[PDB]
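This report refers to the structure that appears directly beneath it.
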Amino acid sequence: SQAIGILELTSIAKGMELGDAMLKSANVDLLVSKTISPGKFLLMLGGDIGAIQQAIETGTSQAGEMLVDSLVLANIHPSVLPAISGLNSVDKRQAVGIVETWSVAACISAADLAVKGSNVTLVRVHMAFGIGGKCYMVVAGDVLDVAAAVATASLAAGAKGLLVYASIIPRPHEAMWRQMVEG
Amino acid sequence: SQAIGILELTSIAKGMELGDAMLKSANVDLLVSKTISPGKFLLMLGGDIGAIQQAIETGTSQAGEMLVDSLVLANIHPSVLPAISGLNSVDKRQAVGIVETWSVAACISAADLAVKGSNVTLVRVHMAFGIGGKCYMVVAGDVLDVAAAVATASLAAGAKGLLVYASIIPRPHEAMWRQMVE
Amino acid sequence: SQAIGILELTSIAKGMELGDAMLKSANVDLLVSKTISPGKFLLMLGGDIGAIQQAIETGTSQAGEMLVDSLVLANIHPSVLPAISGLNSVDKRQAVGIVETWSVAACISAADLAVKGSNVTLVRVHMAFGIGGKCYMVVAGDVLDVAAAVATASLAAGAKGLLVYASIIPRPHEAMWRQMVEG
Amino acid sequence: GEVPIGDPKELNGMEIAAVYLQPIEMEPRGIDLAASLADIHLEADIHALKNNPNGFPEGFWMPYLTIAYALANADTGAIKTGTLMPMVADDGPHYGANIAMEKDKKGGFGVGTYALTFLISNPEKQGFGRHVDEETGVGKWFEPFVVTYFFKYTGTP
Amino acid sequence: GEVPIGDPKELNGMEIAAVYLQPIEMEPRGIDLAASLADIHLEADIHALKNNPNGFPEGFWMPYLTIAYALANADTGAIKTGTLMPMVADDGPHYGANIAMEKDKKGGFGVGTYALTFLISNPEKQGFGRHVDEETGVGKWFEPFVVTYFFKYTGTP
């Protein structure tokens, strides 16, 4: 019911300039706003499909020659939104899921299908280095729920050959659980 | 009335070594001291022109073959000093000014001219990646004040062809305001 | 009396997967667990030689083609373990020592000989960029103690030609001392 | 029919004032912005003050100067940059150039409050010389400096 | 202490007079002939006449002009050529340049009767513009023309 927008610029200032412009262009929440190597700027916005489409259109139209890349993901799970902008609480210790995929695009799509195909809770989605670098999703819940989610996510990214590795970790060590929770 | 000194070393240990030596050599405050990719060390000092000149001289003289680069910026606004080492308080969120330039040298000169050429308050100066990488200045104040400062800053960095982009943002979104402050 | 284990993987997910597996394989403490450029994963464990050997063996056997590098350092000072994972308490500011070496392996070996060859306290050992990148050791204590440690460490790394630079800084400035200790 | 921009400044032995008017056709073409493509023509009035340190006579125009211009509308936040070209009109010689306001493709440069920042350099940059003899010599040329003015754009005149 | 060269001429809305004096040191160096290498400094005084057709105000100096100089001694037959550079002195802005006379390696440029010919071109050649509007426009720039003056060199002053 929601949509995720991604915009990459070659200028840090223009990224911030477009950030203010896009937020004012429509009713959308800022998910990510940071500089990427070597000197690019990455912006991520969330909200309704209509608002996101207009915001992405406005941003690209004013990006000029500084535009690196742009993408709009429609029909995305709402649990994915705060998982990207921050972290969802992982009170469950029964099982933890981790799925790493190439590019944030593949990771987002895998998580969306995973969440809709199970009863597991998506903990967080982390981008190690930009929208083109390795990205990973974190799920939590019952052992059966986590496995189903991981399987669904692996199939999505695997169909495009963008799947890096998958692992289901039931009863995680106290030291490993903390790193997973704080990561 | 103040001066900015910059020293870059190729060794992390020597950088720390040169830091203690320079600080004891004269009355100067450490603005920046961190390791940069792939294994260099960056040091930034502030203070009087006389003190900064002596400190930079001492550091370069003891740097040896580990010396990467050195530069001294005289006649700089005093508001620029804490803007690099940290952030100045922004009681007003009404309008923000941002000017990004290539290399910290151009950004520093632009910020200095901006503060001296307007009544706006300089929020912070950020170096994304080293003294040779993209750097940016942040200004805040009245809409008229911010525009003049940004315009002044744009001409300075533009004169060296190191200007990336300039933007004046009146009434920033709450989400954007937080990003600006952070 | 302790041992240090290092495991590097080419996949972030596999790194997290191997982390949980290694921790459950034996009684060892996780010293480091983070992603390294451009997309590798570094894991560091500490403990007894027997436990460390089994954990590193288990990790390597299941790493497959994703294995980047592995190393085990035996007969290491126990003060080195928390110095890598964190920072050791130093109530005294009288003298500070800094020794930068190529690769964390050389830095670790230098620190081990340093601690055993003096009465100085090892503050911390920092890896700037991976286990193969520039690493540095931090020592603290009396002026005579720090010098001996620095001299001892320099000889260790210098024998392999992996020593970058050594410096003894007695009575460090308040701004520099805080930065060195809190690094 | 010239519109004054802010208050004039007196420094470096020269008076620097800014004014805007209707777009003009300048020869040769292909240099200054087309009159039909512009909305206003910005002109900088530079005359030497009394007892100028560059030996310049009072009232005489300051030539061979390098002057860049920056206009930003505080209402929209839009900012543009350009250079002023030396030209002659019926009202004498000055530095002027056609600039698009309402007709600006980028927009944001319409009617409202605007701030002008000019960057002026020494004429030595343009190859202008200066005597340094004891009898007829003059003082050093002014270092590069910026001037700021505030004015409200009422639209294309 | 300036020595006048012949009679001044009034044409193309501008007054053209010639004068000679002691050699001067001009900044930046490496352009004009060294003062120690020269014997006299020739300066061209160009001011706009009343009702100038280029919109230039009376008394104002003419800038951005391209002016070449030719000096020939009728006694020896020796002839040299050069260009005049725009510069500012204590007596205002003018076109001047240091020139070797007696110190000329080629010789023949010593004391005697000499004729001076200046070649002046339009300022459009140096990128100077001119308004052509109905309200504030001005007439076309004067075509390139030459002026001749005759004077007796009494030696380096």
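Counting neighbours? That spans all protein chains shown, and the Cβs are built from the backbone with ideal geometry, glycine included. Where a number appears in this text, it was derived from the coordinates with a stated rule and is not lab data.
Observations
- Residues located in region C:41-59, provided they are more than 11 Å from every other protein chain (Cβ to nearest Cβ) and not aliphatic (A, V, I, L, M): C:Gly46, C:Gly47, C:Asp48, C:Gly50, C:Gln53, C:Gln54, C:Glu57, C:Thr58, C:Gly59
- Within region A:78-89, the presence of a residue that is within 14 Å of chain C (Cβ to nearest Cβ) and more than 13 Å from the chain's Cα centre (by Cα) is excluded.
- Extreme residue, farthest from A:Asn27 (Cα to Cα), among residues of region B:142-154 that are surrounded by fewer than 24 Cβ atoms within 10 Å (Cβ to Cβ) and at the interface with another protein chain (Cβ under 7 Å from one of its Cβ atoms): B:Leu144
Yes/no matrix, rows are residues, columns are (1) within 27 Å of C:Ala156 (Cα to Cα); (2) within 19 Å of the chain's Cα centre (by Cα); (3) among the hydroxyl-bearing types (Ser, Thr, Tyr):
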| residue | (1), (2), (3) |
| --- | --- |
| C:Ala21 | no, no, no |
| C:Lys34 | no, yes, no |
| C:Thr58 | no, no, yes |
| C:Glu100 | yes, yes, no |
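- Selection within region B:51-98 - of a type in the set (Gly, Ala, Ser), in contact (Cβ under 8 Å) with a residue 12 or more places away in the chain and not in a helix (DSSP H, G or I): B:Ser70, B:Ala74, B:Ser79, B:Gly86, B:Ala95, B:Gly97
- Residues within region D:1-30 that are facing another protein chain (nearest Cβ under 8 Å), within 21 Å of D:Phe151 (Cα to Cα) and part of a strand (DSSP E or B), tallied: 1
- Residues of region A:61-71 that are buried (at least 18 other Cβ atoms within 10 Å of the Cβ) and either β-branched (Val, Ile, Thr) or over 15 Å from A:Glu17 (Cα atoms) (or both): A:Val68 alone.
- Whenever a residue of region E:52-76 is within 14 Å of chain D (Cβ to nearest Cβ), its partners that are surrounded by fewer than 15 Cβ atoms within 10 Å (Cβ to Cβ), lying with C-beta atoms within less than 6 angstrom and at least six residues away or across chains, give the pairs E:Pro53/E:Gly139; E:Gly55/D:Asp90; E:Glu58/E:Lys50; E:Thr66/E:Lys125.
Let's see how each residue does on (1) under 24 Å from A:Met44 (Cα atoms); (2) in a strand (DSSP E or B); (3) among the acidic types (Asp, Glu):
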{"site": "A:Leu122", "(1), (2), (3)": "yes, yes, no"}
{"site": "A:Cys135", "(1), (2), (3)": "yes, yes, no"}
{"site": "A:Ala156", "(1), (2), (3)": "yes, no, no"}
{"site": "A:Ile169", "(1), (2), (3)": "no, yes, no"}
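- Take the conditions (1) facing another protein chain (nearest Cβ under 10 Å); (2) surrounded by fewer than 21 Cβ atoms within 10 Å (Cβ to Cβ); (3) free of Cβ contacts under 8 Å to residues at least 40 places away in the same chain; (4) assigned to a helix (DSSP H, G or I); A:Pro38 misses just one of them, which is (4).
- For region D:36-51, the candidate set comprises residues that are within 18 Å of the chain's Cα centre (by Cα) and aliphatic (A, V, I, L, M); within that set, the residue that is nearest to the other protein chains (Cβ to nearest Cβ) is D:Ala48.
Yes/no per residue for (1) in contact with a strand residue (DSSP E or B) (Cβ under 9 Å, 6 or more places away or on another chain); (2) crowded, with 16+ Cβ neighbours inside 10 Å; (3) more than 10 Å from every other protein chain (Cβ to nearest Cβ):
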position	(1), (2), (3)
E:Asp90	yes, no, no
E:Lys103	no, yes, yes
E:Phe109	yes, yes, yes
E:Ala115	yes, yes, yes
E:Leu119	yes, yes, yes
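- Which numbered condition A:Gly133 fails, given (1) under 11 Å from the mean Cα position of the chain (by Cα); (2) within 30 Å of A:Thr10 (Cβ to Cβ): (1)
- Checked against (1) in contact with a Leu (Cβ under 7 Å, 6 or more places away or on another chain); (2) assigned to a strand (DSSP E or B); (3) of a type outside the set (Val, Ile, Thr), E:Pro93 meets all criteria but (1).
- Where C:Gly46 falls short, out of the listed (1) in contact (Cβ under 8 Å) with a residue 40 or more places away in the chain; (2) part of a helix (DSSP H, G or I): (2)
- Residues of region E:122-131 that are touching a residue at least 24 places away in the same chain (Cβ under 8 Å), surrounded by 15 or more Cβ atoms within 10 Å (Cβ to Cβ) and either away from chain D (no Cβ under 14 Å) or not polar (S, T, N, Q) (or both): E:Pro123, E:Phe128, E:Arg130, E:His131.
- Taking (1) among the small types (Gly, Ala, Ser); (2) within 11 Å of chain C (Cβ to nearest Cβ); (3) without any contact (Cβ under 8 Å) to a residue 12 or more places away in the chain in turn, A:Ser167 satisfies each apart from (3).
- Check on D:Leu33, assigned to a strand (DSSP E or B), more than 10 Å from every other protein chain (Cβ to nearest Cβ) and either at positive phi or aliphatic (A, V, I, L, M) (or both): no
- Against the conditions (1) farther than 21 Å from A:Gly46 by Cβ; (2) β-branched (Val, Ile, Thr); (3) away from chain C (no Cβ under 14 Å), A:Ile108 satisfies every one except (1).
Per-residue answers, yes or no, for (1) surrounded by fewer than 17 Cβ atoms within 10 Å (Cβ to Cβ); (2) out of contact with any strand residue (DSSP E or B) (no Cβ under 6 Å at 6 or more places or on another chain); (3) within 14 Å of chain B (Cβ to nearest Cβ):
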site	(1), (2), (3)
C:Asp112	no, no, no
C:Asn119	yes, yes, no
C:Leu122	no, no, no
C:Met127	no, no, yes
C:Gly130	no, no, yes
C:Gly158	yes, yes, yes
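- Of all residues in region D:132-155 being surrounded by fewer than 17 Cβ atoms within 10 Å (Cβ to Cβ), at the interface with another protein chain (Cβ under 10 Å from one of its Cβ atoms) and not aromatic (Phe, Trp, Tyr), the one that is nearest to the chain's Cα centre (by Cα): D:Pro144
- Residue that is in contact with a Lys or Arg (Cβ under 8 Å, 6 or more places away or on another chain) and either on the phi < 0 side of the Ramachandran plot or surrounded by 18 or more Cβ atoms within 10 Å (Cβ to Cβ) (or both), where the choices are C:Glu100, C:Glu174: C:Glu100
- Of all the criteria given as (1) within 14 Å of chain C (Cβ to nearest Cβ); (2) surrounded by fewer than 17 Cβ atoms within 10 Å (Cβ to Cβ), the one not satisfied by A:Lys92 is (1).
- Annotation: C:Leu9 fulfils all but one of (1) within 18 Å of C:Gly132 (Cβ to Cβ); (2) more than 10 Å from every other protein chain (Cβ to nearest Cβ); (3) among the aliphatic types (A, V, I, L, M); the unmet one is (2).
- Exclusive hit being touching a strand residue (DSSP E or B) at 6+ places or on another chain (Cβ under 9 Å), among the acidic types (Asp, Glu), buried (at least 21 other Cβ atoms within 10 Å of the Cβ) and free of Cβ contacts under 8 Å to residues at least 60 places away in the same chain, set D:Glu10, D:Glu43, D:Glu27: D:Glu43
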